[PDB]
>>> print(open('protein.cif').read())   # mmCIF, C-alpha atoms and all ligand atoms
data_input
loop_
_atom_site.group_PDB
_atom_site.id
_atom_site.type_symbol
_atom_site.label_atom_id
_atom_site.label_comp_id
_atom_site.auth_asym_id
_atom_site.auth_seq_id
_atom_site.Cartn_x
_atom_site.Cartn_y
_atom_site.Cartn_z
ATOM 1 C CA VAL A 64 164.721 85.331 -22.398
ATOM 2 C CA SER A 65 165.706 84.451 -25.968
ATOM 3 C CA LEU A 66 163.463 85.462 -28.869
ATOM 4 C CA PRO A 67 162.104 82.597 -30.985
ATOM 5 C CA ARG A 68 162.855 82.105 -34.676
ATOM 6 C CA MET A 69 161.201 84.908 -36.661
ATOM 7 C CA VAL A 70 160.892 85.546 -40.399
ATOM 8 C CA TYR A 71 160.794 89.180 -41.495
ATOM 9 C CA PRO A 72 162.351 91.604 -44.014
ATOM 10 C CA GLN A 73 166.074 92.052 -43.438
ATOM 11 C CA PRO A 74 166.987 95.566 -42.305
ATOM 12 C CA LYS A 75 169.099 97.340 -44.934
ATOM 13 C CA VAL A 76 172.090 99.262 -43.581
ATOM 14 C CA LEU A 77 172.465 101.349 -46.745
ATOM 15 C CA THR A 78 168.753 102.094 -46.984
ATOM 16 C CA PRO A 79 167.533 104.777 -44.568
ATOM 17 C CA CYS A 80 164.298 104.113 -42.696
ATOM 18 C CA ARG A 81 162.817 107.531 -43.405
ATOM 19 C CA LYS A 82 164.610 110.219 -45.412
ATOM 20 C CA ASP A 83 162.018 112.884 -44.678
ATOM 21 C CA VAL A 84 162.309 113.012 -40.885
ATOM 22 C CA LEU A 85 164.773 112.767 -37.999
ATOM 23 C CA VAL A 86 164.446 109.284 -36.467
ATOM 24 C CA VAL A 87 167.015 109.574 -33.666
ATOM 25 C CA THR A 88 167.797 112.440 -31.283
ATOM 26 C CA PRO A 89 171.317 113.798 -30.666
ATOM 27 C CA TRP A 90 171.408 111.794 -27.418
ATOM 28 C CA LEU A 91 170.603 108.635 -29.383
ATOM 29 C CA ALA A 92 166.958 108.234 -28.407
ATOM 30 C CA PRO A 93 164.662 106.880 -31.136
ATOM 31 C CA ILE A 94 162.005 109.239 -32.475
ATOM 32 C CA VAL A 95 159.025 106.990 -33.177
ATOM 33 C CA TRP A 96 157.547 107.252 -36.671
ATOM 34 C CA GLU A 97 155.673 104.657 -38.711
ATOM 35 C CA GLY A 98 158.234 102.694 -40.711
ATOM 36 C CA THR A 99 160.965 102.800 -38.067
ATOM 37 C CA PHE A 100 159.865 99.713 -36.155
ATOM 38 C CA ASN A 101 158.885 96.089 -36.691
ATOM 39 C CA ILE A 102 156.007 95.654 -34.241
ATOM 40 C CA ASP A 103 156.280 91.862 -34.334
ATOM 41 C CA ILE A 104 159.804 91.934 -32.898
ATOM 42 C CA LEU A 105 158.821 94.522 -30.278
ATOM 43 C CA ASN A 106 155.661 92.649 -29.246
ATOM 44 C CA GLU A 107 157.785 89.527 -28.750
ATOM 45 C CA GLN A 108 160.307 91.384 -26.624
ATOM 46 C CA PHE A 109 157.731 92.953 -24.324
ATOM 47 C CA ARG A 110 155.439 89.924 -24.047
ATOM 48 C CA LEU A 111 158.367 87.742 -22.993
ATOM 49 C CA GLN A 112 158.686 90.085 -20.014
ATOM 50 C CA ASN A 113 154.934 89.921 -19.336
ATOM 51 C CA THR A 114 154.826 93.709 -19.507
ATOM 52 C CA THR A 115 151.942 95.517 -17.814
ATOM 53 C CA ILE A 116 151.083 99.027 -18.971
ATOM 54 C CA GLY A 117 149.101 101.431 -16.841
ATOM 55 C CA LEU A 118 147.111 104.101 -18.681
ATOM 56 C CA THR A 119 146.100 107.063 -16.532
ATOM 57 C CA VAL A 120 143.435 109.624 -17.358
ATOM 58 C CA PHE A 121 141.664 112.350 -15.430
ATOM 59 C CA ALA A 122 137.971 112.910 -16.063
ATOM 60 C CA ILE A 123 136.617 115.758 -13.954
ATOM 61 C CA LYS A 124 133.278 117.540 -14.321
ATOM 62 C CA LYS A 125 131.922 117.377 -17.882
ATOM 63 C CA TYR A 126 135.033 115.577 -19.121
ATOM 64 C CA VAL A 127 133.543 112.298 -17.898
ATOM 65 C CA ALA A 128 131.555 112.420 -21.137
ATOM 66 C CA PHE A 129 134.710 111.602 -23.118
ATOM 67 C CA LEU A 130 135.424 108.362 -21.253
ATOM 68 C CA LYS A 131 133.270 106.034 -23.355
ATOM 69 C CA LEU A 132 134.896 106.828 -26.705
ATOM 70 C CA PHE A 133 138.332 107.033 -25.097
ATOM 71 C CA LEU A 134 138.104 103.579 -23.514
ATOM 72 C CA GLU A 135 136.295 101.935 -26.451
ATOM 73 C CA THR A 136 138.946 103.070 -28.919
ATOM 74 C CA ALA A 137 141.749 102.236 -26.477
ATOM 75 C CA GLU A 138 140.387 98.691 -26.467
ATOM 76 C CA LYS A 139 140.789 98.545 -30.238
ATOM 77 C CA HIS A 140 144.179 100.233 -30.544
ATOM 78 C CA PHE A 141 146.101 100.528 -27.271
ATOM 79 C CA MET A 142 148.616 97.845 -26.336
ATOM 80 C CA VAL A 143 146.382 95.091 -27.699
ATOM 81 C CA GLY A 144 147.845 91.732 -26.725
ATOM 82 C CA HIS A 145 149.524 93.078 -23.604
ATOM 83 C CA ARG A 146 148.395 93.484 -19.994
ATOM 84 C CA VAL A 147 146.711 96.874 -19.547
ATOM 85 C CA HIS A 148 145.435 98.544 -16.397
ATOM 86 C CA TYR A 149 143.358 101.691 -16.852
ATOM 87 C CA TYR A 150 143.299 104.165 -13.974
ATOM 88 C CA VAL A 151 140.450 106.658 -14.212
ATOM 89 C CA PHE A 152 140.699 109.568 -11.770
ATOM 90 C CA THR A 153 137.314 111.231 -11.488
ATOM 91 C CA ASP A 154 135.045 113.237 -9.210
ATOM 92 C CA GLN A 155 132.070 111.225 -10.487
ATOM 93 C CA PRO A 156 132.758 107.486 -9.986
ATOM 94 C CA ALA A 157 129.161 106.570 -10.813
ATOM 95 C CA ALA A 158 129.434 108.440 -14.119
ATOM 96 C CA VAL A 159 132.193 106.207 -15.496
ATOM 97 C CA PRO A 160 130.780 104.220 -18.454
ATOM 98 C CA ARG A 161 130.576 100.429 -18.428
ATOM 99 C CA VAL A 162 132.981 99.605 -21.258
ATOM 100 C CA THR A 163 133.612 95.997 -22.265
ATOM 101 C CA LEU A 164 137.301 95.099 -21.996
ATOM 102 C CA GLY A 165 139.331 92.368 -23.654
ATOM 103 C CA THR A 166 141.032 89.685 -21.572
ATOM 104 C CA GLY A 167 144.063 90.721 -19.521
ATOM 105 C CA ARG A 168 142.792 94.276 -19.255
ATOM 106 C CA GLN A 169 141.236 95.971 -16.251
ATOM 107 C CA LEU A 170 139.965 99.336 -15.126
ATOM 108 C CA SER A 171 140.163 100.960 -11.708
ATOM 109 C CA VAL A 172 138.171 104.034 -10.749
ATOM 110 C CA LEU A 173 139.866 106.375 -8.282
ATOM 111 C CA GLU A 174 137.746 109.144 -6.788
ATOM 112 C CA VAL A 175 139.306 112.583 -6.392
ATOM 113 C CA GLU A 197 151.329 106.064 -5.251
ATOM 114 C CA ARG A 198 153.158 102.896 -4.201
ATOM 115 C CA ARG A 199 150.294 101.013 -5.834
ATOM 116 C CA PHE A 200 151.611 101.830 -9.312
ATOM 117 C CA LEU A 201 155.029 100.361 -8.500
ATOM 118 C CA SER A 202 153.484 97.002 -7.622
ATOM 119 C CA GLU A 203 150.798 96.941 -10.316
ATOM 120 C CA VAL A 204 152.361 98.104 -13.587
ATOM 121 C CA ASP A 205 155.754 98.313 -15.304
ATOM 122 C CA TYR A 206 155.101 101.461 -17.326
ATOM 123 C CA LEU A 207 152.800 104.432 -16.904
ATOM 124 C CA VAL A 208 151.265 106.298 -19.829
ATOM 125 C CA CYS A 209 149.589 109.591 -18.979
ATOM 126 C CA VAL A 210 147.177 111.149 -21.480
ATOM 127 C CA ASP A 211 144.275 113.583 -21.848
ATOM 128 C CA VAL A 212 140.784 112.062 -21.888
ATOM 129 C CA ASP A 213 139.192 114.227 -24.612
ATOM 130 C CA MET A 214 140.838 112.043 -27.245
ATOM 131 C CA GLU A 215 140.266 108.873 -29.238
ATOM 132 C CA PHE A 216 142.589 106.222 -30.601
ATOM 133 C CA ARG A 217 142.345 105.853 -34.367
ATOM 134 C CA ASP A 218 145.286 103.549 -35.035
ATOM 135 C CA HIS A 219 147.956 101.412 -33.365
ATOM 136 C CA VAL A 220 149.569 102.766 -30.181
ATOM 137 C CA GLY A 221 151.705 99.965 -28.811
ATOM 138 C CA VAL A 222 154.886 98.854 -27.098
ATOM 139 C CA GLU A 223 157.031 100.793 -29.563
ATOM 140 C CA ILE A 224 156.485 103.731 -27.170
ATOM 141 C CA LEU A 225 157.655 101.958 -24.001
ATOM 142 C CA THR A 226 160.971 103.093 -22.561
ATOM 143 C CA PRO A 227 162.205 104.579 -19.257
ATOM 144 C CA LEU A 228 161.000 108.083 -20.147
ATOM 145 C CA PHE A 229 159.248 109.502 -23.191
ATOM 146 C CA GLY A 230 157.698 112.743 -24.358
ATOM 147 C CA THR A 231 155.625 113.537 -27.457
ATOM 148 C CA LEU A 232 156.245 116.250 -30.053
ATOM 149 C CA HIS A 233 153.597 118.984 -29.877
ATOM 150 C CA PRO A 234 151.806 119.009 -33.271
ATOM 151 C CA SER A 235 152.058 122.797 -33.530
ATOM 152 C CA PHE A 236 155.830 123.053 -33.130
ATOM 153 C CA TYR A 237 157.440 119.911 -34.549
ATOM 154 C CA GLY A 238 158.784 121.928 -37.469
ATOM 155 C CA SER A 239 159.496 125.155 -35.592
ATOM 156 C CA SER A 240 162.738 126.767 -34.420
ATOM 157 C CA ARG A 241 163.349 126.790 -30.652
ATOM 158 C CA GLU A 242 162.838 130.560 -30.540
ATOM 159 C CA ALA A 243 159.210 129.957 -31.540
ATOM 160 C CA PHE A 244 158.662 127.372 -28.791
ATOM 161 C CA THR A 245 156.183 128.623 -26.199
ATOM 162 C CA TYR A 246 158.458 127.754 -23.258
ATOM 163 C CA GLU A 247 158.205 129.814 -20.075
ATOM 164 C CA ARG A 248 160.524 132.754 -20.779
ATOM 165 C CA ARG A 249 160.570 134.510 -17.384
ATOM 166 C CA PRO A 250 163.772 133.823 -15.357
ATOM 167 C CA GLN A 251 161.683 134.092 -12.183
ATOM 168 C CA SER A 252 159.961 130.797 -13.017
ATOM 169 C CA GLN A 253 161.418 127.364 -12.297
ATOM 170 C CA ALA A 254 160.206 126.369 -15.772
ATOM 171 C CA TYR A 255 162.391 129.048 -17.379
ATOM 172 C CA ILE A 256 164.141 128.143 -20.646
ATOM 173 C CA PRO A 257 166.136 130.793 -22.582
ATOM 174 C CA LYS A 258 165.906 131.397 -26.336
ATOM 175 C CA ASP A 259 169.174 129.564 -26.993
ATOM 176 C CA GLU A 260 168.105 126.327 -25.277
ATOM 177 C CA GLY A 261 165.651 123.563 -26.080
ATOM 178 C CA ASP A 262 165.509 120.411 -28.181
ATOM 179 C CA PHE A 263 161.778 120.115 -28.872
ATOM 180 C CA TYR A 264 158.473 121.388 -27.553
ATOM 181 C CA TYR A 265 156.704 118.454 -25.907
ATOM 182 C CA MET A 266 152.947 118.478 -25.355
ATOM 183 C CA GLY A 267 151.685 117.668 -21.875
ATOM 184 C CA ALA A 268 148.860 115.544 -23.283
ATOM 185 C CA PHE A 269 150.928 112.386 -23.807
ATOM 186 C CA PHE A 270 154.000 111.347 -21.802
ATOM 187 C CA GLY A 271 155.117 108.332 -19.828
ATOM 188 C CA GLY A 272 157.813 105.825 -19.023
ATOM 189 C CA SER A 273 158.662 103.409 -16.234
ATOM 190 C CA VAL A 274 156.708 103.949 -13.038
ATOM 191 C CA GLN A 275 159.913 105.097 -11.327
ATOM 192 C CA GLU A 276 160.758 107.706 -13.978
ATOM 193 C CA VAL A 277 157.190 109.000 -14.255
ATOM 194 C CA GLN A 278 156.998 109.440 -10.489
ATOM 195 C CA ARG A 279 160.353 111.244 -10.518
ATOM 196 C CA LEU A 280 159.037 113.593 -13.198
ATOM 197 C CA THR A 281 155.718 114.247 -11.456
ATOM 198 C CA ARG A 282 157.526 114.805 -8.153
ATOM 199 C CA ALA A 283 159.947 117.271 -9.755
ATOM 200 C CA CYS A 284 157.184 119.220 -11.478
ATOM 201 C CA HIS A 285 155.006 119.303 -8.363
ATOM 202 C CA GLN A 286 157.858 120.758 -6.314
ATOM 203 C CA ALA A 287 158.803 123.252 -9.035
ATOM 204 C CA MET A 288 155.211 124.459 -9.331
ATOM 205 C CA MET A 289 155.042 124.898 -5.553
ATOM 206 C CA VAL A 290 158.140 127.104 -5.722
ATOM 207 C CA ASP A 291 156.582 129.252 -8.456
ATOM 208 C CA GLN A 292 153.366 129.433 -6.426
ATOM 209 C CA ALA A 293 155.259 130.844 -3.445
ATOM 210 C CA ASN A 294 157.081 133.295 -5.714
ATOM 211 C CA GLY A 295 153.760 134.540 -7.046
ATOM 212 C CA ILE A 296 154.155 133.257 -10.594
ATOM 213 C CA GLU A 297 152.404 130.747 -12.867
ATOM 214 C CA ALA A 298 154.154 129.194 -15.877
ATOM 215 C CA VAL A 299 152.713 130.343 -19.208
ATOM 216 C CA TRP A 300 151.469 126.853 -20.064
ATOM 217 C CA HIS A 301 151.312 125.488 -16.528
ATOM 218 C CA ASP A 302 152.241 121.805 -16.122
ATOM 219 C CA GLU A 303 153.363 121.622 -19.753
ATOM 220 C CA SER A 304 155.917 124.375 -19.200
ATOM 221 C CA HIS A 305 157.425 122.388 -16.342
ATOM 222 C CA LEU A 306 157.277 119.150 -18.346
ATOM 223 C CA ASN A 307 159.369 120.824 -21.022
ATOM 224 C CA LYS A 308 161.890 122.104 -18.486
ATOM 225 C CA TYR A 309 162.182 118.598 -17.025
ATOM 226 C CA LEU A 310 162.665 116.895 -20.394
ATOM 227 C CA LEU A 311 165.262 119.487 -21.364
ATOM 228 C CA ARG A 312 167.362 118.581 -18.307
ATOM 229 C CA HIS A 313 166.452 114.853 -18.257
ATOM 230 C CA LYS A 314 166.509 113.713 -21.891
ATOM 231 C CA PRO A 315 163.733 111.266 -22.775
ATOM 232 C CA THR A 316 164.873 107.818 -23.917
ATOM 233 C CA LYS A 317 162.279 107.862 -26.722
ATOM 234 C CA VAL A 318 160.382 110.737 -28.351
ATOM 235 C CA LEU A 319 157.017 110.095 -30.015
ATOM 236 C CA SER A 320 156.226 111.774 -33.349
ATOM 237 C CA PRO A 321 153.027 113.816 -33.886
ATOM 238 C CA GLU A 322 151.413 110.607 -35.177
ATOM 239 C CA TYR A 323 150.732 110.117 -31.462
ATOM 240 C CA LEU A 324 149.059 113.479 -30.771
ATOM 241 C CA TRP A 325 147.076 115.066 -33.577
ATOM 242 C CA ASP A 326 143.918 116.983 -34.499
ATOM 243 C CA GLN A 327 142.843 116.272 -38.068
ATOM 244 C CA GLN A 328 140.215 119.010 -38.047
ATOM 245 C CA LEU A 329 142.703 121.716 -37.079
ATOM 246 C CA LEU A 330 145.804 120.340 -38.799
ATOM 247 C CA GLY A 331 144.558 117.983 -41.505
ATOM 248 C CA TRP A 332 146.550 114.931 -42.578
ATOM 249 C CA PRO A 333 149.999 115.922 -43.920
ATOM 250 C CA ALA A 334 152.141 113.504 -45.925
ATOM 251 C CA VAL A 335 154.773 113.304 -43.179
ATOM 252 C CA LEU A 336 152.214 111.416 -41.067
ATOM 253 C CA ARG A 337 151.649 107.912 -42.416
ATOM 254 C CA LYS A 338 149.230 107.225 -39.577
ATOM 255 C CA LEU A 339 147.064 109.295 -37.221
ATOM 256 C CA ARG A 340 147.058 107.234 -34.026
ATOM 257 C CA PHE A 341 145.704 109.347 -31.160
ATOM 258 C CA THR A 342 143.621 112.442 -31.871
ATOM 259 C CA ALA A 343 141.453 115.179 -30.413
ATOM 260 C CA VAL A 344 137.695 114.614 -30.408
ATOM 261 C CA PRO A 345 135.631 117.134 -32.443
HETATM 262 O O1 LIG B 401 137.895 120.572 -15.985
HETATM 263 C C1 LIG B 401 138.726 119.777 -16.422
HETATM 264 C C2 LIG B 401 139.770 120.234 -17.221
HETATM 265 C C3 LIG B 401 140.703 119.328 -17.712
HETATM 266 N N1 LIG B 401 140.608 117.962 -17.413
HETATM 267 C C4 LIG B 401 141.638 117.015 -17.899
HETATM 268 O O2 LIG B 401 142.799 117.767 -18.301
HETATM 269 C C5 LIG B 401 143.030 117.488 -19.691
HETATM 270 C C6 LIG B 401 143.801 118.599 -20.407
HETATM 271 O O3 LIG B 401 143.083 119.836 -20.402
HETATM 272 P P1 LIG B 401 142.216 120.290 -21.681
HETATM 273 O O4 LIG B 401 141.995 118.977 -22.587
HETATM 274 O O5 LIG B 401 140.932 120.929 -21.317
HETATM 275 O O6 LIG B 401 143.158 121.281 -22.534
HETATM 276 P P2 LIG B 401 144.099 120.737 -23.724
HETATM 277 O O7 LIG B 401 145.057 119.897 -22.738
HETATM 278 O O8 LIG B 401 143.079 120.090 -24.578
HETATM 279 O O9 LIG B 401 144.696 122.194 -24.060
HETATM 280 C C7 LIG B 401 141.626 117.244 -20.244
HETATM 281 O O10 LIG B 401 141.718 116.543 -21.487
HETATM 282 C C8 LIG B 401 141.156 116.283 -19.154
HETATM 283 O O11 LIG B 401 141.842 115.034 -19.278
HETATM 284 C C9 LIG B 401 139.554 117.499 -16.611
HETATM 285 O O12 LIG B 401 139.445 116.302 -16.349
HETATM 286 N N2 LIG B 401 138.615 118.414 -16.117
HETATM 287 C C1 LIG B 402 143.665 117.855 -26.890
HETATM 288 O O1 LIG B 402 143.846 117.723 -28.302
HETATM 289 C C2 LIG B 402 145.146 117.484 -28.630
HETATM 290 O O2 LIG B 402 146.008 117.399 -27.757
HETATM 291 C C3 LIG B 402 145.510 117.315 -30.107
HETATM 292 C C4 LIG B 402 146.530 118.346 -30.597
HETATM 293 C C5 LIG B 402 146.029 119.784 -30.444
HETATM 294 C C6 LIG B 402 146.975 120.769 -31.134
HETATM 295 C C7 LIG B 402 146.575 122.218 -30.846
HETATM 296 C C8 LIG B 402 147.400 123.187 -31.699
HETATM 297 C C9 LIG B 402 147.117 124.650 -31.352
HETATM 298 C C10 LIG B 402 147.788 125.080 -30.045
HETATM 299 O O3 LIG B 402 147.375 124.230 -28.965
HETATM 300 C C11 LIG B 402 147.804 124.769 -27.705
HETATM 301 O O4 LIG B 402 149.238 124.887 -27.649
HETATM 302 C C12 LIG B 402 149.687 125.440 -26.400
HETATM 303 C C13 LIG B 402 151.196 125.690 -26.415
HETATM 304 O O5 LIG B 402 151.507 126.691 -27.389
HETATM 305 C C14 LIG B 402 149.312 124.490 -25.259
HETATM 306 O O6 LIG B 402 149.915 123.213 -25.487
HETATM 307 C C15 LIG B 402 147.789 124.332 -25.224
HETATM 308 O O7 LIG B 402 147.428 123.380 -24.221
HETATM 309 C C16 LIG B 402 147.281 123.860 -26.588
HETATM 310 O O8 LIG B 402 145.852 123.850 -26.594
HETATM 311 CL CL CL B 403 147.353 111.322 -16.210
HETATM 312 HG HG HG B 404 162.832 101.761 -41.759
HETATM 313 HG HG HG B 405 150.374 109.599 -14.869
HETATM 314 HG HG HG B 406 147.949 113.156 -18.293
HETATM 315 HG HG HG B 407 159.461 119.598 -13.809
HETATM 316 HG HG HG B 408 152.829 119.520 -11.555
HETATM 317 HG HG HG B 409 155.199 117.704 -15.316
HETATM 318 MN MN MN B 410 142.950 117.750 -24.263
#
>>> encode(input="protein.cif", output="structure tokens", more="lines below")
Ligand SMILES: O=c1ccn([C@@H]2O[C@H](COP(=O)(O)OP(=O)(O)O)[C@@H](O)[C@H]2O)c(=O)[nH]1
Ligand SMILES: COC(=O)CCCCCCCCO[C@@H]1O[C@H](CO)[C@H](O)[C@H](O)[C@H]1O
Ligand SMILES: [Cl-]
Ligand SMILES: [Hg+2]
Ligand SMILES: [Hg+2]
Ligand SMILES: [Hg+2]
Ligand SMILES: [Hg+2]
Ligand SMILES: [Hg+2]
Ligand SMILES: [Hg+2]
Ligand SMILES: [Mn+2]
Amino acid sequence: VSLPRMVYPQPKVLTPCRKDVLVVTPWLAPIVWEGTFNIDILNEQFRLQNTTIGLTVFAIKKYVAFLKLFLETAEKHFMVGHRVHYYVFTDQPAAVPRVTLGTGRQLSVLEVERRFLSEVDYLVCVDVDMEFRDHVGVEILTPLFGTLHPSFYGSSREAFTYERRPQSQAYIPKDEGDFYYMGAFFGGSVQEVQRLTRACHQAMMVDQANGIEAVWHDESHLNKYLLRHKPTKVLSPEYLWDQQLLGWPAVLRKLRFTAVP
């Protein structure tokens, strides 16, 4: 469907978006930083498609305590204006807090899937011991995306904590690797996310049988997958930070999703 008339600042071809950071990967995938996108145009594009975003989180044992802040802040900053379906996987259904949600947003509690394919267009998978502090919207939606780990975004590949043992399916040699993605925030279309989760599950089963466990578990496999299946968008550390441990550097114009102290 055609976009309606819109009035906004004209993009300037001879004026770089950001001159301090890389905003596009070598395989032409945008790296999402504040200043690279006009959210009004993007909101229009995704709303015209009546986009539904599923947000999945696991809250087991004492982690159910993080749900209230997580959901409350998600209501203020996550995909506001769009259809959102929260999926909370927990071992304590009765412990899930009663959070008030805006219109067009719902929450499903699953006690511990084709359902995802028929319910949402995109799946966003994150850790629950976090809080949203600023805008996290449709600028992240794409077939497959990963997020730059805050501890290695400025490091050389040799420093990346990839699994280095050739006996592991998550193995990545010192001369390979684009970025080190953190397992705490990834997503994409339901189809691509299920392909990724299926691939990692099978790879971890193989390691299990071979008597080996990847150095950083699921994250090690996530990195191996994204190395071989390039993400169509990469999120900057604005999307995964810890102000207490890492402060607020100039390169980050916004701190959007952070660890809870
Ligand atoms: O006993 C646990 C351990 C982990 N988690 C989930 O797994 C995520 C990632 O593990 P964790 O946050 O403990 O380590 P980090 O990922 O912070 O290194 C947690 O945020 C929770 O979402 C959980 O629900 N119960
Ligand atoms: C849960 O809170 C967050 O995700 C915010 C960012 C935390 C940044 C932590 C930086 C220090 C290292 O963290 C560890 O890094 C290894 C890989 O080297 C793994 O990713 C661990 O899960 C992570 O805790
Ligand atoms: Cl998840
Ligand atoms: Hg720009
Ligand atoms: Hg997920
Ligand atoms: Hg997750
Ligand atoms: Hg994998
Ligand atoms: Hg897995
Ligand atoms: Hg994975
Ligand atoms: Mn965490």
>>> resolve_selection(input="protein.cif", expression="the PyMOL selection byres (((chain A and resi 325) around 10) and not hetatm)", output="PyMOL selection string")
chain A and resi 214+232-235+320-324+326-332+336+339-344
>>> atom_distance(input="protein.cif", atom1="atom CA of residue 96 of chain A", atom2="atom CA of residue 259 of chain A")
27.0 Å
>>> resolve_selection(input="protein.cif", expression="the PyMOL selection byres (((not hetatm)) within 12 of (chain B and resi 407))", output="mmCIF file with C-alpha atoms, in the coordinates of the input")
data_model
loop_
_atom_site.group_PDB
_atom_site.id
_atom_site.type_symbol
_atom_site.label_atom_id
_atom_site.label_comp_id
_atom_site.auth_asym_id
_atom_site.auth_seq_id
_atom_site.Cartn_x
_atom_site.Cartn_y
_atom_site.Cartn_z
ATOM 1 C CA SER A 252 159.961 130.797 -13.017
ATOM 2 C CA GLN A 253 161.418 127.364 -12.297
ATOM 3 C CA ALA A 254 160.206 126.369 -15.772
ATOM 4 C CA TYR A 255 162.391 129.048 -17.379
ATOM 5 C CA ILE A 256 164.141 128.143 -20.646
ATOM 6 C CA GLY A 267 151.685 117.668 -21.875
ATOM 7 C CA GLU A 276 160.758 107.706 -13.978
ATOM 8 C CA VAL A 277 157.190 109.000 -14.255
ATOM 9 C CA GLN A 278 156.998 109.440 -10.489
ATOM 10 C CA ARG A 279 160.353 111.244 -10.518
ATOM 11 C CA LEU A 280 159.037 113.593 -13.198
ATOM 12 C CA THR A 281 155.718 114.247 -11.456
ATOM 13 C CA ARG A 282 157.526 114.805 -8.153
ATOM 14 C CA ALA A 283 159.947 117.271 -9.755
ATOM 15 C CA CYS A 284 157.184 119.220 -11.478
ATOM 16 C CA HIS A 285 155.006 119.303 -8.363
ATOM 17 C CA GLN A 286 157.858 120.758 -6.314
ATOM 18 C CA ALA A 287 158.803 123.252 -9.035
ATOM 19 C CA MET A 288 155.211 124.459 -9.331
ATOM 20 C CA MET A 289 155.042 124.898 -5.553
ATOM 21 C CA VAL A 290 158.140 127.104 -5.722
ATOM 22 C CA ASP A 291 156.582 129.252 -8.456
ATOM 23 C CA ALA A 298 154.154 129.194 -15.877
ATOM 24 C CA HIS A 301 151.312 125.488 -16.528
ATOM 25 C CA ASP A 302 152.241 121.805 -16.122
ATOM 26 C CA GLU A 303 153.363 121.622 -19.753
ATOM 27 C CA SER A 304 155.917 124.375 -19.200
ATOM 28 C CA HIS A 305 157.425 122.388 -16.342
ATOM 29 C CA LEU A 306 157.277 119.150 -18.346
ATOM 30 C CA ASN A 307 159.369 120.824 -21.022
ATOM 31 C CA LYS A 308 161.890 122.104 -18.486
ATOM 32 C CA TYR A 309 162.182 118.598 -17.025
ATOM 33 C CA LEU A 310 162.665 116.895 -20.394
ATOM 34 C CA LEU A 311 165.262 119.487 -21.364
ATOM 35 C CA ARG A 312 167.362 118.581 -18.307
ATOM 36 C CA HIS A 313 166.452 114.853 -18.257
#
>>> resolve_selection(input="protein.cif", expression="the PyMOL selection byres (((not hetatm)) within 8 of (chain B and resi 406))", output="PDB file with C-alpha atoms, in the coordinates of the input")
ATOM      1  CA  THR A 119     146.100 107.063 -16.532  1.00  0.00           C
ATOM      2  CA  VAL A 120     143.435 109.624 -17.358  1.00  0.00           C
ATOM      3  CA  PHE A 121     141.664 112.350 -15.430  1.00  0.00           C
ATOM      4  CA  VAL A 208     151.265 106.298 -19.829  1.00  0.00           C
ATOM      5  CA  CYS A 209     149.589 109.591 -18.979  1.00  0.00           C
ATOM      6  CA  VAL A 210     147.177 111.149 -21.480  1.00  0.00           C
ATOM      7  CA  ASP A 211     144.275 113.583 -21.848  1.00  0.00           C
ATOM      8  CA  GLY A 267     151.685 117.668 -21.875  1.00  0.00           C
ATOM      9  CA  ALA A 268     148.860 115.544 -23.283  1.00  0.00           C
ATOM     10  CA  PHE A 269     150.928 112.386 -23.807  1.00  0.00           C
ATOM     11  CA  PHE A 270     154.000 111.347 -21.802  1.00  0.00           C
TER      12      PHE A 270
END
>>> closest_residue(input="protein.cif", among="A:100, A:150, A:236, A:109", to="residue 122 of chain A", atoms="only C-alpha atoms")
A:150
>>> atom_distance(input="protein.cif", atom1="atom CA of residue 260 of chain A", atom2="atom CA of residue 246 of chain A")
10.0 Å
>>> axis_aligned_box(input="protein.cif", around="segment 219-237 of chain A", padding_each_side="6 Å", output="lines of an AutoDock Vina configuration file")
center_x = 155.1
center_y = 111.0
center_z = -26.9
size_x = 26.2
size_y = 36.2
size_z = 27.3
